[PDB]
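For the numbering used here, count along the sequence shown from 1 and bump the result up by 2. Just so you know, even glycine gets a beta-carbon here, dropped at the ideal spot from N, CA and C. Please read the structure below before turning to the comments.
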Amino acid sequence: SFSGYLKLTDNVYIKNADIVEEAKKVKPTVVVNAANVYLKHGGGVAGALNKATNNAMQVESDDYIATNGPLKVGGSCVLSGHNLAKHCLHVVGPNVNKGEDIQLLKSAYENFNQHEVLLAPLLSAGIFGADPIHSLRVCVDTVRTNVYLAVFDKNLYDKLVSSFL
Ligand SMILES: NC(=O)c1c[nH]c(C2CC2)n1
Ligand SMILES: [Cl-]
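Below, the structure written as structure tokens:
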């Protein structure tokens, strides 16, 4: 199963790891993608996960959007996990850089509660522009299911662990 994770709370775990490599190794039931409303997996975690699927995630996502329209900020959809996981839970955290509402981060993390265990990134962190310390706090205070957070950046991982209340 998941290895080398530091236990933050009863249900939240964290590791300095590339979520793509964690997914290829563990093959979890659910890998969370840091999606946007259009499921356009260009960069950040989404670009990395999509590149690992050889663009199959993007092809599937475009068909999903053609049928259903865009997701809501704070919303999610379950699609295939391709070669990475059984499922991919595409969750849209607010992108502060695109001027979206940071109050929607709690709604975004609530999607994780529909799955007993997930491999996930820190929502709205990185190129989404939110404070990762705040994202981890919202995660621990919102998610009740077992979440294994893979934080790519070593310096951020150390900062998150050392400042965790
Ligand atoms: N942006 C990220 O959080 C992230 C995680 N994994 C990767 C892969 C190296 C491309 N990027
Ligand atoms: Cl990012």
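Since residue i and residue j are thought to touch, with beta carbons under 8 Å apart, how far apart are those beta carbons, to the nearest angstrom?
i	j	result
residue 181	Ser109	For residue 181 there is no data in the structure shown, the boundaries of the chain being 3 and 167.
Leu91	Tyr66	Contact doesn't hold; Cβ gap of about 13 Å is too wide.
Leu120	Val47	About 13 Å; that fails the 8 Å criterion.
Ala122	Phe130	Not quite, the Cβ-Cβ distance comes to about 14 Å (not below 8 Å), so this is no contact.
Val94	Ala37	5 Å
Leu8	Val153	Incorrect: roughly 10 Å between the Cβ atoms, too far for contact.
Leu81	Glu112	That pair is no contact at about 19 Å.
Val39	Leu73	5 Å
When DSSP builds the beta bridges, which residues end up paired with residue i?
i	result
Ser78	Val93
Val33	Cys90, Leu121
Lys9	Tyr15
Go through its chain and collect everything with a Cβ distance to residue i's Cβ below 8 Å, but skip five positions before and after it.
i	result
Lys26	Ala54, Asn85, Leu86
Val98	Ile104, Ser126, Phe130, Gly131, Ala132
By Cβ distance below 6 Å, which residues in the same chain neighbour residue i in space, the five residues on each side in sequence not counted?
i	result
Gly76	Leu106, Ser109, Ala110
Residue range of the beta strand (DSSP E) that residue i falls in?
i	result
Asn18	14-18
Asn148	148-153
Starting from residue i, follow the alpha helix (DSSP H) in both directions and report where the run begins and ends.
i	result
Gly46	46-54
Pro134	134-144
residue 1	What the structure shows of the chain is the stretch from 3 to 167, and residue 1 is not part of that stretch, so it cannot be assessed.
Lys156	156-165
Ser63	58-70
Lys26	21-28
Given 6 Å as the limit, tell me if residue i has its C-beta closer than that to any heavy atom belonging to ligand 3.
i	result
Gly46	No copy of ligand 3 occurs in the structure displayed; its ligands are ligand 1 and ligand 2 alone.
Output needed for residue i: all residues of its chain with C-beta closer than 7 Å, excluding positions within five of it in sequence on either side, in chain order.
i	result
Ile135	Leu162, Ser165
Exercise. Could you tell me whether the segment 10-17 touches the segment 140-147, where touching means 3 or more Cβ pairs closer than 8 Å?
Key: yes
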